[PDB]
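Inspection log for the structure reproduced underneath, given as structure tokens.
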Amino acid sequence: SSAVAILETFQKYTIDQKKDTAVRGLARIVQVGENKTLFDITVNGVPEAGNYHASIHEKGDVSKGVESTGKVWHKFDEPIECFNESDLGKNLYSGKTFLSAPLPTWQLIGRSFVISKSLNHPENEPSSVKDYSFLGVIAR
Ligand SMILES: [Ca+2]
């Protein structure tokens, strides 16, 4: 059993001026046990280097980005380190990791996969937006 989440920004951020696509990462999801899923995560094109954090939120509603997705339903403890500079002109970064969760794929479908990091300079994209986030509905 497999699934995928295409991760896009929904918010507009001053620091993110890459306009050919809003896609900033991919989660490829494969069940690897009766009740265990593997998450193959890659990130690309994010403006700030740092440790990013993944969660799965309760709702598949991304109309308002993270703010419409409800609460955190599953949290991953392991960070995603994004320190590889992949765009020199724009100074954008990439990263990758494998994560796992003790959940079958069927319980994941239709929820939102979210990766986020606190903004280095929130005063310049204020004031209710604290985090840079990119997210996508999980689909079979
Ligand atoms: Ca940058």
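In the structure tokens, the first chain shown is A, the next is B, and so on; residue numbers restart at 1 for each chain, and ligands run from 1 in the order shown.
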
Contacts of chain A with ligand 1 up to 7 Å, shortest pair per row, only C-alpha atoms and all ligand atoms, as JSON lines:
{"residue": "A:47", "atom": "CA", "partner": "ligand 1", "partner_atom_place_in_ligand_line": "1 (Ca)", "distance": 3.9}
{"residue": "A:48", "atom": "CA", "partner": "ligand 1", "partner_atom_place_in_ligand_line": "1 (Ca)", "distance": 4.7}
{"residue": "A:90", "atom": "CA", "partner": "ligand 1", "partner_atom_place_in_ligand_line": "1 (Ca)", "distance": 6.5}
{"residue": "A:91", "atom": "CA", "partner": "ligand 1", "partner_atom_place_in_ligand_line": "1 (Ca)", "distance": 4.4}
{"residue": "A:92", "atom": "CA", "partner": "ligand 1", "partner_atom_place_in_ligand_line": "1 (Ca)", "distance": 5.2}

Saved selection, atoms kept: C-alpha atoms, as a PDB file, in the first residue's frame:
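again.pdb, freshly written:
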ATOM      1  CA  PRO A  47      14.620  30.004   1.675  1.00  0.00           C
ATOM      2  CA  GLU A  48      15.973  29.456   5.188  1.00  0.00           C
ATOM      3  CA  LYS A  90      18.260  32.618  -4.505  1.00  0.00           C
ATOM      4  CA  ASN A  91      20.039  30.943  -1.582  1.00  0.00           C
ATOM      5  CA  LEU A  92      17.552  28.144  -1.212  1.00  0.00           C
TER       6      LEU A  92
END

Show me, as JSON lines, the residues of region 32-111 of chain A having an atom within 8 Å of region 3-23 of chain A, each with the closest atom pair and its distance in Å, using only C-alpha atoms.
{"residue": "A:45", "atom": "CA", "partner": "A:18", "partner_atom": "CA", "distance": 7.8}
{"residue": "A:46", "atom": "CA", "partner": "A:16", "partner_atom": "CA", "distance": 7.4}
{"residue": "A:47", "atom": "CA", "partner": "A:16", "partner_atom": "CA", "distance": 6.2}
{"residue": "A:62", "atom": "CA", "partner": "A:10", "partner_atom": "CA", "distance": 7.7}
{"residue": "A:64", "atom": "CA", "partner": "A:10", "partner_atom": "CA", "distance": 7.1}
{"residue": "A:65", "atom": "CA", "partner": "A:10", "partner_atom": "CA", "distance": 5.0}
{"residue": "A:105", "atom": "CA", "partner": "A:3", "partner_atom": "CA", "distance": 7.3}
{"residue": "A:109", "atom": "CA", "partner": "A:3", "partner_atom": "CA", "distance": 7.6}

Based on the selection just made, write C-alpha atoms of those residues as a tab-separated table (two decimals), in the first residue's frame.
chain	number	residue	atom	x	y	z
A	45	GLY	CA	13.64	25.33	-2.65
A	46	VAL	CA	13.06	26.61	0.92
A	47	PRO	CA	14.62	30.00	1.67
A	62	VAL	CA	-5.70	23.33	3.11
A	64	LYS	CA	-6.13	28.48	4.44
A	65	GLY	CA	-2.84	26.63	4.59
A	105	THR	CA	-1.66	3.75	5.27
A	109	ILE	CA	-5.47	9.01	3.52

(message) Could you pull out the strand (DSSP E or B) residues of chain A, going by DSSP on the backbone, and write them as a VMD selection string?
(response) chain A and resid 2 to 8 23 to 33 36 to 46 50 to 57 63 to 66 72 to 75 80 to 82 84 to 87 92 to 101 112 to 118 131 to 137 139

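Each of A:131, A:61, A:125, A:77 was checked against residue 113 (chain A) using only C-alpha atoms; the smallest atom-to-atom distance is that of A:61.
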
(message) Please extract the residues of region 2-138 of chain A with a backbone DSSP assignment of helix (DSSP H, G or I) and present them as a list in words.
(response) residues 105, 106, 107, 122, 123 and 124 of chain A

Got time to write the residues from that selection, C-alpha atoms, as a PDB file, in the first residue's frame?
ATOM      1  CA  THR A 105      -1.664   3.745   5.269  1.00  0.00           C
ATOM      2  CA  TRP A 106      -5.430   3.565   5.284  1.00  0.00           C
ATOM      3  CA  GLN A 107      -5.541   5.769   8.415  1.00  0.00           C
ATOM      4  CA  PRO A 122       8.645  37.036  11.533  1.00  0.00           C
ATOM      5  CA  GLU A 123       8.433  40.843  11.851  1.00  0.00           C
ATOM      6  CA  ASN A 124       8.768  41.044   8.053  1.00  0.00           C
TER       7      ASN A 124
END

(message) Report as an NGL selection string all protein, DNA and RNA residues lying within 6 Å of region 79-81 of chain A, evaluated on only C-alpha atoms, omitting residues in the same chain fewer than 5 positions from it.
(response) :A and (51-53 or 95)

Pull N, CA and C atoms from the residues just selected and write them as a PDB file, in the first residue's frame.
ATOM      1  N   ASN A  51      16.474  23.288  10.877  1.00  0.00           N
ATOM      2  CA  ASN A  51      15.787  22.037  11.165  1.00  0.00           C
ATOM      3  C   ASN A  51      14.286  22.243  10.972  1.00  0.00           C
ATOM      4  N   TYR A  52      13.700  21.438  10.079  1.00  0.00           N
ATOM      5  CA  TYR A  52      12.261  21.519   9.816  1.00  0.00           C
ATOM      6  C   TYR A  52      11.572  20.341  10.509  1.00  0.00           C
ATOM      7  N   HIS A  53      10.284  20.496  10.811  1.00  0.00           N
ATOM      8  CA  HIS A  53       9.616  19.485  11.635  1.00  0.00           C
ATOM      9  C   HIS A  53       8.361  19.031  10.900  1.00  0.00           C
ATOM     10  N   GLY A  95      16.852  19.174   1.651  1.00  0.00           N
ATOM     11  CA  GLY A  95      17.112  18.171   2.680  1.00  0.00           C
ATOM     12  C   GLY A  95      16.347  16.899   2.384  1.00  0.00           C
TER      13      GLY A  95
END

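Excluding residue 74 (chain A) itself and same-chain residues fewer than 2 positions from it, the residues having an atom within 8 Å of it are residues 55, 56, 57, 72 and 76 of chain A, counting only C-alpha atoms.
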
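The shell of residues at most 8 Å from residue 84 (chain A), with only C-alpha atoms counted and near chain neighbours (fewer than 3 positions) removed, consists of residues 49, 93, 94 and 95 of chain A.
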
Got time to write the residues from that selection, N, CA, C and O atoms, as a PDB file, in the first residue's frame?
ATOM      1  N   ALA A  49      17.839  28.039   5.819  1.00  0.00           N
ATOM      2  CA  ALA A  49      18.372  26.735   6.276  1.00  0.00           C
ATOM      3  C   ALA A  49      17.884  26.452   7.683  1.00  0.00           C
ATOM      4  O   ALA A  49      17.605  27.411   8.407  1.00  0.00           O
ATOM      5  N   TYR A  93      17.509  26.069   0.030  1.00  0.00           N
ATOM      6  CA  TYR A  93      18.044  24.863   0.620  1.00  0.00           C
ATOM      7  C   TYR A  93      17.190  23.612   0.353  1.00  0.00           C
ATOM      8  O   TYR A  93      16.013  23.708   0.021  1.00  0.00           O
ATOM      9  N   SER A  94      17.831  22.469   0.537  1.00  0.00           N
ATOM     10  CA  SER A  94      17.234  21.147   0.362  1.00  0.00           C
ATOM     11  C   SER A  94      17.619  20.261   1.533  1.00  0.00           C
ATOM     12  O   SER A  94      18.558  20.523   2.292  1.00  0.00           O
ATOM     13  N   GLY A  95      16.852  19.174   1.651  1.00  0.00           N
ATOM     14  CA  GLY A  95      17.112  18.171   2.680  1.00  0.00           C
ATOM     15  C   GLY A  95      16.347  16.899   2.384  1.00  0.00           C
ATOM     16  O   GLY A  95      15.546  16.845   1.457  1.00  0.00           O
TER      17      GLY A  95
END

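Proximity ranking of A:83, A:29, A:120, A:114 relative to residue 68 (chain A) places A:114 first, based on only C-alpha atoms.
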
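Of the residues under consideration (A:86, A:31, A:133, A:2), A:31 shows the shortest atom-to-atom contact distance to residue 100 (chain A) when counting only C-alpha atoms.
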
(request) State, in Å with one decimal place, the distance from CA of residue 118 (chain A) to CA of residue 54 (chain A). (result) 12.4 Å
